[PDB]
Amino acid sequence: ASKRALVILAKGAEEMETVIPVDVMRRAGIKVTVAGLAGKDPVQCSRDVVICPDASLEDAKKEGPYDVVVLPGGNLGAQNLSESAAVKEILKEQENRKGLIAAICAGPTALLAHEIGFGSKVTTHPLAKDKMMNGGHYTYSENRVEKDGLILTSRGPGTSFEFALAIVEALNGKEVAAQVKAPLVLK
């Protein structure tokens, strides 16, 4: 059976951090659901790219659980994710079932907000470190992609391909990740 990914899309999401993982995961044969936090309607991303989600979060939740829950960054997107009780419930469920949770840039700060994965080694965007580290609930890393326990994190738009390929490797294996990587013309 194909692996399944939930990508939660909120107003102010970083569009590159949303699109790169969606696209790369789909190249890997993962069934990806782009789920609108606010509902079914189009979402205005951080740099004004407007993306139409596949489904509302409310509806996508009914079709869970997923092999990975993905939290894009963007400061205001991450803040919206952090404020959402629906996100909290999804992440708690995913944590309880020992499923992969992936977050990039400021996205990991929603893990802090929802008390997810405490004790894990994590990275974030450099400018989101202090927020993430408030209380010392995680151990900070400067690796471009980091993975500890359930929790896969990464730093910014420029680490999005590495982040996405790490998700691919976790779900579908090293060989599929290498096959998907080659045609991308990565450095």
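Here the rigid core means the biggest group of C-alpha atoms that line up within 1.5 Å when the two forms are laid on top of each other. For every residue, the number given is its place in the sequence shown, counted from 1.
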Stretch farther from the shown model on average in 6 other deposited structures of this protein, with CA RMS computed after core superposition (147-155, 26-34): 147-155
Residue range whose averaged C-alpha B-factor is higher in the record, 62-70 or 152-160: 62-70
Entry-level comparison of average CA B-factors, 133-141 and 52-60, reporting the higher stretch: 52-60
Per the PDB entry, maximal CA B factor within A38, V32, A128, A28: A38
Top residue by Cα temperature factor, when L76, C105, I101, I90 are compared in the entry: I90
Ranked C-alpha temperature factor of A178 among modelled chain residues, by third: middle
Third assignment of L171 from its chain's C-alpha B-factors: highest
Position of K147 among the chain's modelled residues by C-alpha B-factor, lowest, middle or highest third: highest
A5 CA temperature factor, ranked by third within the chain: middle
